[PDB]
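Each of two forms of one protein chain follows alone as structure tokens, named structure 1 and structure 2.
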Structure 1
């Protein structure tokens, strides 16, 4: 067990999320965004006006990688924005397309949300 469980999880966590970012990455083209860039936005928009601290931590990024991405998202003029807040809807929508692409009912999603929420708890 212990050997082959912790090994499955390893391959599974890698691959499953490896393919999740893949689908995200296609949709995010329409906006010239990196999946990581996307994540930052979704976070930014729920808090708004947060130090690179409450943010850099909430997105698990060292001040080193976050600064350049913040700058980038700024030239993009999504953060520096009113246009940014405009696409909150179509961006959010991307999370729905991505998981539908995996045939996930709201039943499967809930079950996963709970397993993952505990895992990370």
Structure 2
């Protein structure tokens, strides 16, 4: 019944779409030596902001096991600093977010997807998370 046929379609279609969207980011991100998840973390920390790792994890839907070695790497890259712990952006981190911001726009402009189609996806995923997170 519908729980089976709809979930199968949901599963496959999220698998293909996610796979392929991440591929396009990763392409742009190589030039910066950043992974996709690393990019997400940087983009999520605001410039005036100091965060603890738990709250940061809540915001980007990552576990501590994932976020912890990732922050160390970003620290090594001099993009974030940890101050006893709080996380924030370095001047280099704040600066690198200028070009990084262009990447989402670039990816979107590269896909065949209209402004109206994007709007619908936004609305529906809001809810898909909304009544869910």
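Positions refer to the first chain, counted from 1. Superpose the two forms; the largest set of C-alphas matching within 1.5 Å is the rigid core.
**Q** Note yes or no: does the Cα of residue 74 move by 2 Å or more between structures 1 and 2 after the core is superposed?
**A** No: residue 74 shifts by under 2 Å between structures 1 and 2.
**Q** Look at residue 107 and decide if its Cα position differs by 2 Å or more between structures 1 and 2 after superposing on the rigid core.
**A** Moves: yes, 2 Å or greater.
**Q** Following rigid core alignment, is the displacement of the residue 46 C-alpha between structures 1 and 2 equal to or greater than 2 angstroms?
**A** Yes, its C-alpha moves 2 Å or more.
**Q** By how many angstrom does residue 86 shift at its CA between structures 1 and 2 when the core is held fixed?
**A** With the rigid core fitted, the alpha carbon of residue 86 is displaced 0.9 Å between structures 1 and 2.
**Q** Keeping the rigid core superposed, can you check how far the CA atom of residue 59 moves between structures 1 and 2, in angstrom?
**A** With the cores aligned, its C-alpha sits 1.4 Å away.
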